[PDB]
Amino acid sequence: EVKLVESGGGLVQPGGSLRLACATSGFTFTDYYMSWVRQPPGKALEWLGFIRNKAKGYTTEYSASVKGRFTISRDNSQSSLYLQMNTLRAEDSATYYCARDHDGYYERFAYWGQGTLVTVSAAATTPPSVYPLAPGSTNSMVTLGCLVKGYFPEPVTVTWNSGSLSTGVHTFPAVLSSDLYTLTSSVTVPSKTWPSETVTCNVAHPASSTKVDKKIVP
Amino acid sequence: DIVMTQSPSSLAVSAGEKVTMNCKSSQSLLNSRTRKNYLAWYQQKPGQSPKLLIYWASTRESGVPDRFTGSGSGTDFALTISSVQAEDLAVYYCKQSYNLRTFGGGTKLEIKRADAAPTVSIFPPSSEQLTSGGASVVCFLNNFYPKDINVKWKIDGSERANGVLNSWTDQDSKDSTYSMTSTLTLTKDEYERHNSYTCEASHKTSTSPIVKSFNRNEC
Ligand SMILES: O=C(O)[C@@]1(O)C[C@@H](O)[C@@H](O)[C@@H]([C@H](O)CO)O1
Ligand SMILES: [Zn+2]
């Protein structure tokens, strides 16, 4: 299994610095160029730079958009890749992805991480309030929800019954208002399964290390 | 300095139909020594990381369904899906690697399907929220098509527009529908002054609005 995992993402003030890391496994690290790529929320992919393999002496290159400001490095004893970002500004808010690049032959980014979200803002971290949305009232299916209100920055994650309820889930894109986000999630299950069998939304807010479970009760 | 442009910016196609999207570079990506075009295509389904589909213009990565074909040479490339499936909903990106790397701005592929009415659900403010001083009323308009839809909130029978925010999801990768939430936020003091809370959904699928309501006195 090839694995790439970014970490380091979160809230930083304008003018501040942040380093991301990309941990890799499942392939011969030194044989590969590694690239970083970013994507502002709802926008296009932007290639940022790469660091070459051992054959090419681990040299770096950068897009004009970040050259002189971002720094890439790698730890070949640990199979790790880094991105140091300096003098951050609003245009830098984005999900950052590390991708496995050129091996001296193939021209492709064969593997990507899950990405880590960086928010550049002076607004303060605020944990969510999490509220149950229990159904009033007699059909074959029933819809429940959780309201995740008043948090900053993105992201938050919402699962239902620890991820065991995956079909019939809708988590709605957050909306920003007064430097705070709100989102909600619905899940739709058979009426034979609630309240007889429990339904619980699990909310995480990494920026505040918030972990919440709200069981939906009649 | 290679400029990559993609067209169309978006388009919608029904399952089973062909689609073609295009990618143009400001300079040739045909490498003279290797005799190949350094041009790859990536698929990014909603909320996921990009995935490689095609590299060297026309080489299909292992695991990629055969309905995906890359074509072209020099400055003009295409990605064609012979017969689209619900799960092909994505943004598609082309990328050059002839000189460093540069992504095009993407083409957003939407799936067209039969019109479908929304399933509507309304929820009162929780006691936890009310105890804290706030009152959010939530309405889910779920699994409908097409995307355009209107919601009207009524308090004791009168329309309220202030304090309503809406949010659509991305298209569903299984049934090709959209869903939307509408959230009316009020103070506890104003919430407690009225009884009837109504969410009214108007969609092209019916001349009759779908109406859901609850009464505070019935909670
Ligand atoms: O700049 C390079 O290190 C590199 O080898 C990257 C390759 O992807 C490719 O762009 C190559 C050019 O084809 C020149 O050989 O340069
Ligand atoms: Zn150089």
Side-chain angles (χ1 to χ4, degrees), chain A residues 4 6 33 35 37 39 43-50 61-64 95 97 99 101-102 105-115 129-136 139 141-147 149-150 167-168 170-177 182-186 188 214, chain B residues 1 6 31 34 36-40 42 44 47-52 54-56 59 61 91 93 95-98 100-106 119-129 132 134 136 138 140 142-143 165-170 172 174 179-181 183 185 212 214 218-219:
Chain A
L4 283 63
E6 298 86 352
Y33 288 41
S35 278
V37 176
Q39 186 169 45
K43 300 290 98 118
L45 298 177
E46 176 184 20
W47 178 80
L48 299 177
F50 68 45
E61 309 291 359
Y62 300 90
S63 59
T95 301
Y97 297 100
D101 203 325
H102 189 42
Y105 177 57
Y106 288 92
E107 292 285 343
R108 61 184 176 186
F109 291 4
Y111 296 89
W112 296 69
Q114 85 291 337
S129 292
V130 181
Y131 304 127
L133 304 169
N139 265 346
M141 303 298 289
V142 69
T143 300
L144 320 193
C146 284
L147 167 62
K149 183 173 172 58
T167 93
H170 301 287
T171 299
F172 298 89
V175 300
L176 181 76
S177 191
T182 297
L183 68 67
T184 40
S185 181
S186 70
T188 304
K214 228 140 251 162
Chain B
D1 80 285
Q6 281 183 256
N31 183 283
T34 65
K36 294 156 170 182
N37 295 274
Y38 296 7
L39 187 280
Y42 298 89
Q44 195 180 21
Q48 308 187 1
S49 306
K51 170 175 301 196
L52 174 67
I54 306 292
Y55 62 97
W56 279 325
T59 292
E61 186 57 58
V91 180
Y93 293 98
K95 185 211 71 200
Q96 65 93 11
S97 59
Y98 181 92
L100 302 187
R101 294 91 175 79
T102 310
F103 288 88
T119 299
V120 188
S121 293
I122 188 178
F123 303 94
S126 66
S127 69
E128 188 197 322
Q129 186 184 21
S132 92
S136 291
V138 168
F140 290 136
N142 281 353
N143 302 83
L165 290 177
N166 302 321
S167 182
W168 280 259
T169 60
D170 295 315
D172 191 271
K174 289 182 243 185
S179 293
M180 196 206 71
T181 188
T183 305
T185 182
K212 298 292 180 165
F214 72 84
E218 295 169 18
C219 305

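Residue numbers begin at 1 in each chain, while the letters A, B, ... track the order of the sequences. As a basis for the values below, the full set of heavy atoms in this structure was taken, side chains included, without hydrogen atoms, waters or symmetry mates.
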### Task
Report the C-alpha distance between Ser186(A) and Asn142(B) in whole Å, list the side-chain angles of each, state the deciding distance to 0.1 Å, and finish with yes or no for side chain to side chain donor-acceptor pair (under 3.5 Å).
CA-CA 9 Å; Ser186(A) 70; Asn142(B) 281 353; 3.3 Å; yes
Rounded distance (nearest 0.5 Å) linking atom [atom1] of [X] with atom [atom2] of [Y]:
| X | Y | atom1 | atom2 | value |
| --- | --- | --- | --- | --- |
| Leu52(B) | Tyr106(A) | CG | OH | 11.5 Å |
| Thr59(B) | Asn37(B) | OG1 | CG | 10.5 Å |
| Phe172(A) | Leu147(A) | CZ | CG | 12.0 Å |

What part of [X] lies closer than 4.5 angstrom to a heavy atom of chain B: side chain, backbone, both or neither?
| X | result |
| --- | --- |
| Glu61(A) | side chain |
| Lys149(A) | side chain |
| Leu45(A) | both |
| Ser129(A) | neither |
| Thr171(A) | backbone |
| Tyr97(A) | side chain |
| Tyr33(A) | side chain |
| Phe50(A) | side chain |
| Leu144(A) | backbone |

### Query
Among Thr182(A), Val175(A), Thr184(A), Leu183(A), which has the most heavy-atom pairs under 4.5 Å with chain B?
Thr184(A)
### Task
Select, from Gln39(A), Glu46(A), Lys43(A), the one with the greatest count of heavy-atom pairs under 4.5 Å involving chain B.
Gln39(A)
### Query
More than 12 non-hydrogen atoms from neighbouring residues, nucleotides or ligands closer than 6.0 Å to NZ on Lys36(B), yes or no?
yes
### Task
Return the set of residues passing side-chain contact (heavy atoms from CB on, under 4.5 Å) with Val120(B) (not counting sequence neighbours), or none when no residue passes.
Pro118(B), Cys139(B), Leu141(B), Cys199(B), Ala201(B), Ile210(B), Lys212(B)
### Message
Please enumerate all residues that pass side-chain contact (heavy atoms from CB on, under 4.5 Å) together with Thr183(B), with sequence neighbours excluded.
### Response
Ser136(B), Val138(B), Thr181(B)
Out of [options], which one racks up the most heavy-atom pairs below 4.5 Å with chain A?
| options | answer |
| --- | --- |
| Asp1(B), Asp170(B), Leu165(B), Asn143(B) | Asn143(B) |
| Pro50(B), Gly104(B), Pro124(B) | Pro50(B) |
| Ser121(B), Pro125(B), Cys219(B), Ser126(B) | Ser126(B) |

### Task
State whether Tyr42(B) and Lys95(B) meet the cation-pi test: NZ (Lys) or CZ (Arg) under 6.0 Å from the six-membered ring centroid, and within 45° of the perpendicular axis.
no
Non-hydrogen atoms of chain A under 4.5 Å away: do they reach the side chain of [X], the backbone, both or neither?
| X | answer |
| --- | --- |
| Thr34(B) | neither |
| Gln48(B) | backbone |
| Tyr98(B) | neither |
| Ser127(B) | neither |

### Query
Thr102(B) and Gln96(B): side-chain donor and acceptor closer than 3.5 Å?
yes
### Task
Check for a donor-acceptor pair, side chain of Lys214(A) on one end and backbone N or O of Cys146(A) on the other, with a separation under 3.5 Å.
no
#### Entry: Note: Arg108(A)-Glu61(B) ion pair, threshold 4.0 Å (strictly below)
yes
